[PDB]
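J.: Chains as they are written, first to last, in UniProt numbering: chain A, 53 to 104; chain B, 156 to 207; chain C, 1 to 256; chain D, 3 to 193; chain E, 3 to 193. Ideal Cβ placement from N, Cα and C applies to all residues, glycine included.
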Amino acid sequence: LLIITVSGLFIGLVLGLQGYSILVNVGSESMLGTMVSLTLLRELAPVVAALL
Amino acid sequence: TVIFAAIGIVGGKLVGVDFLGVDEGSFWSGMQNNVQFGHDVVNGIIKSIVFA
Amino acid sequence: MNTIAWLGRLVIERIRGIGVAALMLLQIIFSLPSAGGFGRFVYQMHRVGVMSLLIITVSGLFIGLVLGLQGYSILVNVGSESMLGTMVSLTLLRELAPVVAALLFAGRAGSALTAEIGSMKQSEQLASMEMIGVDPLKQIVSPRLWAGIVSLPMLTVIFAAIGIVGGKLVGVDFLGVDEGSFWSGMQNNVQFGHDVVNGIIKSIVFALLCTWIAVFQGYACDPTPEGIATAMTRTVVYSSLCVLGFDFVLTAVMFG
Amino acid sequence: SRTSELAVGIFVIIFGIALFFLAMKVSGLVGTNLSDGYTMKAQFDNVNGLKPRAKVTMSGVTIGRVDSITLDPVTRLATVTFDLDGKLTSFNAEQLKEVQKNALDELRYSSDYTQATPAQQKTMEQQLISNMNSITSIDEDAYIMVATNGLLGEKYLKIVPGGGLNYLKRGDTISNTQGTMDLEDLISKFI
Amino acid sequence: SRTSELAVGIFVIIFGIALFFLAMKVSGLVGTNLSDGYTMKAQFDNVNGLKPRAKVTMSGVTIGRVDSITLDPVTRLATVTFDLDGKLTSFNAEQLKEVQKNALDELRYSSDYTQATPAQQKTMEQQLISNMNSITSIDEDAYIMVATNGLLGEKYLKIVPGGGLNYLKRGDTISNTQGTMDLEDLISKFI
């Protein structure tokens, strides 16, 4: 439980870093709450939590 | 994976709106205004059973 | 308050446990080169590098295809999929080639290295070698370290190249966009000295922490072969907390 | 024994926390529930990119969802079945007299009375038995149409009223529709 | 050595749960408080396409969140209810006094004591005690409405502070409201 909780953060922060750096020049960062969620719900929670 | 996806989304909100800054309101709004439950989360668990 | 003392004495041990491992690392690289070490080293890179090549090539595709599937499904309603060649490339160059190729390398060669040295301590080949005076740090460890520093940046490059080619396959051959707008939308946006060379500097300092933590837990394990198998799963935890933790501290530097 | 069994118990708690956080803080399960949601049907012509399970509005505010949609291949027209609330969408025990007072007064008002005025009670005994149950605050000459929110948005349905003396049963059709329009239609819609 | 052995485990744990109570704060859950907020209300004609729990601004800065919107079926009109702040929509004790002496400079003004009454003490005695109570720094006819935040995003409430004498209290009603007009109203307006 511990190794997936603190690995839950560092996947989230880089998604919260590149997800901001991409969305600022397009300006439409009403998708930040959607482009954090839909990747983490559809792929990286099935994939990366398996390899850990 | 449920505990992975929950702490992932909360992690994206942390460096997003507390260190870079967007409209938390907007965030939550778009978040809950796009992500269905029986189409996305329950399909995010059916993948995490047949991986297990 | 006794289980408090058990937790307290455990993480006190883990700190000391690091301070030994740094001293073993400075004792390796600050040494004269052994005679004929190159023939040992190239055989070692056969073991760590060339063996792991297959599992990262065919894992290079399946990361690429899902990026070529969700990258299409997102970009169709916004219509502006002149970014498909850019939103396959810039994620695969900046993050998923440093990150995901580390967690697959800690899997195979990250953990097969701590077994091979874990087996050599138990049968006391390493003890027998010391009595002949060949000091096994320079004999067994040091070619098994330099075949890990060199062989990981030679893998993420092969990971990122087959990833981008994989995104082009299900993109324009099964769904269909302009084959011109793919590369011409790509080549213009992706600098070399800012993105690729920064995509390798991350893959060197991942190769150091993923091998030096791996080659340490084989050396300073114990015998009694429940002492090997507790250590081969002590790296793969300790690597993946330090791959991702050191990633995020790095990407804020180069892409602040 | 009890040493590890209870430290399983905080793992079910942490999973129990982050399922609630997924169910009732993000997922649309807080907004799926109706109450005696009855069903209607309407005959459209343009449902372009109008998915099922949308969220219908009436007057600036949501009321419910859209159930399921097929084509009726005998008249080449869309068929839309959709859940319609029987509570906030209709009325309640206070409002039954509040529409009985107004369906009577607007029928038997002496300028507009002669539209079956009371011969014995033909303006008054008819109007209470004209609705008596299942009736809506939804006009007999309303038009429904397809709307969206923003320059991309998502499609839903928009039940705009207008005028209206009579209303609809639980299960009927609206005699006025308006299909969706987009760029392929818009520029020709100008001239 | 139980001196540090126990000092290692204990100092982690009290700090370690202090990380978990950070995760309860930035999750949108039980933490993240406000300043003694309160629920006014207003009545639009249509806010359709509004998300609740949105932003509400004074001029261009957030002062609170929407709480609820509900319909009445008899008049077919929506009614909103929203929370404000008691640090941005409030008064200093000094600033309460500066408007009360300016209330008699406005109620019994140089022109207003000439054409309301020559001894309008009922306007003079009541501006004392009405100001002394819990009043809000939001004006008399300042109409509230719905904006859009740019071109994308989602709608939110906009307070237009047009003039003001007669201030409002907690739970009051703004009787001047403006509904939303989306893009499809604008096209039919033009061509």
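Which residue wins for smallest C-alpha separation from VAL68 (chain E), given the options E:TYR40, E:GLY11, E:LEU130 and E:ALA105?
T.: In the fifth sequence, the residue the question calls residue 68 (chain E) occupies position 66. Ranking the options by Cα distance to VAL68 (chain E), first place goes to E:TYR40.
J.: With DSSP collapsed to three states, give me the class of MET147 (chain D).
T.: Taking the first residue of the fourth sequence as position 1, residue 147 (chain D) is located at position 145. In the three-state reduction of the DSSP assignment, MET147 (chain D) falls in the strand class, which pools E and B.
J.: Are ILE146 (chain E) and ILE176 (chain E) touching if we call contact CB-CB under 9 Å?
T.: Numbered from 1 along the fifth sequence, position 144 holds the residue referred to as residue 146 (chain E). Numbered from 1 along the fifth sequence, position 174 holds the residue referred to as residue 176 (chain E). Yes, Cβ-Cβ distance for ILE146 (chain E) and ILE176 (chain E) is below 9 Å.
J.: Taking Cβ positions, are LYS138 (chain C) and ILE15 (chain C) nearer each other than 9 Å?
T.: Within the third sequence, the letter at position 138 stands for residue 138 (chain C). Within the third sequence, the letter at position 15 stands for residue 15 (chain C). Their beta carbons are not under 9 Å apart, which means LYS138 (chain C) does not touch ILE15 (chain C) by this criterion.
J.: Strictly below 9 Å CB to CB, what residues from chain A border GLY193 (chain B)?
T.: By 1-based counting over the second sequence, the position of residue 193 (chain B) is 38. Within chain A, no residue comes near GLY193 (chain B); the closest Cβ sits about 13 Å away, beyond 9 Å.
J.: The beta strand (DSSP E) with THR64 (chain E) in it runs from where to where?
T.: In the fifth sequence, the residue the question calls residue 64 (chain E) occupies position 62. From DSSP, the beta strand (DSSP E) with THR64 (chain E) extends over 64-74.
J.: Flag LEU31 (chain E) as yes if its beta-carbon sits less than 9 Å from any beta-carbon of chain A, otherwise no.
T.: Along the fifth sequence, one-based indexing puts residue 31 (chain E) at 29. No, no contact with chain A.
J.: Kindly indicate which three-state DSSP category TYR158 (chain E) falls into: helix, strand or coil?
T.: Residue 158 (chain E) sits at position 156 when you count from the first residue of the fifth sequence. DSSP places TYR158 (chain E) in strand when its eight states are reduced to three.
J.: Using a C-beta cutoff of 9 Å, does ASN168 (chain D) count as contacting chain E?
T.: Within the fourth sequence, the letter at position 166 stands for residue 168 (chain D). Closer than 9 Å: no.
J.: Taking C-beta pairs closer than 8 Å, name the residues in chain D that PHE23 (chain E) reaches, listed in chain order.
T.: Counting from 1 along the fifth sequence, the entry for residue 23 (chain E) is found at position 21. The contacting residues do not exist; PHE23 (chain E) stays about 13 Å from chain D at best.
J.: Output yes if chain B places a C-beta closer than 9 Å to the C-beta of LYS27 (chain D); else output no.
T.: As a working mapping, residue 27 (chain D) is identified with position 25 in the fourth sequence. Answer yes: the Cβ-Cβ gap between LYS27 (chain D) and chain B drops below 9 Å somewhere.
J.: Determine, for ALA160 (chain B), whether the minimum Cβ-Cβ distance to residues of chain D falls below 9 Å.
T.: Your numbering for residue 160 (chain B) matches position 5 in the second sequence. Answer yes: the Cβ-Cβ gap between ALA160 (chain B) and chain D drops below 9 Å somewhere.
J.: Which residue wins for smallest C-alpha separation from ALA207 (chain C), given the options C:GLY185, C:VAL100, C:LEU69 and C:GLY36?
T.: In the third sequence, the residue the question calls residue 207 (chain C) occupies position 207. The option with the nearest alpha carbon to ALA207 (chain C) is C:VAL100.
J.: Using a Cβ-Cβ cut-off of 8 Å (strictly less than) and excluding sequence neighbours within five positions of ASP143 (chain D), which residues of its own chain qualify?
T.: On the fourth sequence, residue 143 (chain D) is found 141 positions in, with the first residue counted as 1. Excluding residues within five positions, the ones whose Cβ falls inside 8 Å are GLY164, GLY165, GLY166, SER177 and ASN178.
J.: Which two residues bound the contiguous alpha helix (DSSP H) that contains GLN97 (chain E)?
T.: The residue you call residue 97 (chain E) lines up with position 95 of the fifth sequence. Note, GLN97 (chain E): alpha helix (DSSP H), 95-109.
J.: Tell me whether the region 184-201 of chain B and the region 84-92 of chain A touch, counting them as touching only if at least three CB pairs, one residue from each stretch, are closer than 8 Å.
T.: Taking 8 Å as the limit for Cβ pairs, the verdict is that the region 84-92 of chain A does touch the region 184-201 of chain B.
J.: Return the CA-CA distance between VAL76 (chain C) and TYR115 (chain D), expressed in angstroms with no decimal places.
T.: Position 76 of the third sequence, counted from the first residue, corresponds to residue 76 (chain C). Position 113 of the fourth sequence, counted from the first residue, corresponds to residue 115 (chain D). Those two C-alpha atoms are separated by around 59 Å.
J.: Compute the beta-carbon to beta-carbon distance between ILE63 (chain A) and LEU175 (chain C), rounded to the nearest angstrom, for a pair I have assumed lies under 8 Å.
T.: To locate residue 63 (chain A), count along the first sequence from 1; it is residue 11. To locate residue 175 (chain C), count along the third sequence from 1; it is residue 175. Contact flag wrong, Cβ pair sits at about 28 Å.
J.: Among the residues of its own chain, which have a CB less than 7 Å from the CB of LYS27 (chain E), if the five just before and after it don't count?
T.: Taking the fifth sequence and counting its residues from 1, the one referred to as residue 27 (chain E) is at position 25. Taken in chain order, the residues that qualify are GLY33 and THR34.
J.: Please state whether the Cβ-Cβ distance between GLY218 (chain C) and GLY60 (chain C) is less than 9 Å.
T.: Looking up residue 218 (chain C) in the third sequence gives position 218. Looking up residue 60 (chain C) in the third sequence gives position 60. No, they are not a contact pair.
J.: Considering just the uninterrupted stretch of the beta strand (DSSP E) at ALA35 (chain C), what are its terminal residues?
T.: The residue given as residue 35 (chain C) occupies position 35 in the third sequence. Segment: none, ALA35 (chain C) is in no beta strand (DSSP E) and carries neither H nor E.
J.: Is the number of C-beta pairs between the region 197-217 of chain C and the region 92-99 of chain C that are closer than 8 Å three or more?
T.: yes
J.: Can you confirm whether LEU84 (chain A), when its beta carbon is compared against all beta carbons of chain B, has any partner nearer than 9 Å?
T.: On the first sequence, position 32 is the one that residue 84 (chain A) refers to. So, interface residue.
J.: So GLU95 (chain A) contacts chain C; which residues on that side make the cut at Cβ distance below 7 Å?
T.: Within the first sequence, numbered from 1, the residue matching residue 95 (chain A) stands at position 43. Those within 7 Å of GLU95 (chain A) in chain C are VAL66 and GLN70.
J.: So, does the CB of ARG67 (chain E) fall closer than 9 Å to a CB anywhere in chain B?
T.: Taking the first residue of the fifth sequence as position 1, residue 67 (chain E) is located at position 65. Answer yes: the Cβ-Cβ gap between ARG67 (chain E) and chain B drops below 9 Å somewhere.
J.: Going by CA-CA distance only, name the one from B:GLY171, B:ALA161 and B:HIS194 that's closest to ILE74 (chain A).
T.: Here residue 74 (chain A) refers to the residue found at position 22 when the first sequence is read from its first residue. Comparing Cα positions, the closest option is B:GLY171.
J.: Terminal residues of the continuous alpha helix (DSSP H) containing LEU52 (chain D)?
T.: Counting from 1 along the fourth sequence, the entry for residue 52 (chain D) is found at position 50. Run containing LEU52 (chain D): none; DSSP gives neither H nor E here.
J.: Entirely within the region 105-149 of chain C and at least 3 residues each: give me those beta strand (DSSP E) ranges in chain order.
T.: none
J.: What residue does the beta strand (DSSP E) around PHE46 (chain D) start on, and which one ends it?
T.: As a working note, residue 46 (chain D) is residue 44 in the fourth sequence. Unbroken beta strand (DSSP E) run through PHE46 (chain D): 40-46.
J.: Kindly indicate which residue of D:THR72, D:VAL63, D:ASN168 and D:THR5 has the alpha-carbon position closest to the one of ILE131 (chain D).
T.: Against the fourth sequence, residue 131 (chain D) aligns to sequence position 129. Nearest of D:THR72, D:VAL63, D:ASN168 and D:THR5 to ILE131 (chain D), Cα basis: D:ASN168.
J.: Reducing DSSP to helix, strand and coil, say where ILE137 (chain E) ends up.
T.: Indexing the fifth sequence from 1 puts residue 137 (chain E) at position 135. In this structure, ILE137 (chain E) counts as strand in the three-state DSSP scheme.
J.: Assuming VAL190 (chain C) and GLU81 (chain C) form a contact by the criterion Cβ under 8 Å, report the distance between their Cβ atoms to the nearest whole angstrom.
T.: Here residue 190 (chain C) refers to the residue found at position 190 of the third sequence. Here residue 81 (chain C) refers to the residue found at position 81 of the third sequence. Wrong, their Cβ atoms sit about 17 Å apart, outside the cutoff.
J.: On a CA-only basis, which of C:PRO225, C:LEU10 and C:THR3 is nearest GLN122 (chain C)? Give me that one, please.
T.: Start at 1 with the first residue of the third sequence, and residue 122 (chain C) comes out as number 122. If we check each option's Cα against that of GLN122 (chain C), C:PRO225 comes out closest.
J.: Give me the residue from D:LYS157, D:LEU153, D:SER92 and D:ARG4 with the minimum Cα distance to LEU170 (chain D).
T.: On the fourth sequence, position 168 is the one that residue 170 (chain D) refers to. Among D:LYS157, D:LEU153, D:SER92 and D:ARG4, the Cα nearest to that of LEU170 (chain D) is on D:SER92.
J.: Along the beta strand (DSSP E) that carries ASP85 (chain D), what are the first and last residues, could you check?
T.: Sequence index remark: in the fourth sequence, residue 85 (chain D) carries index 83 (1-based). 79-86 is the extent of the beta strand (DSSP E) around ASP85 (chain D).
J.: Could you pull out every residue in the same chain whose Cβ sits closer than 6 Å to the Cβ of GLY88 (chain D), ignoring the five residues on either side in sequence?
T.: Position 86 of the fourth sequence holds residue 88 (chain D). The residues are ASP38 and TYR40.
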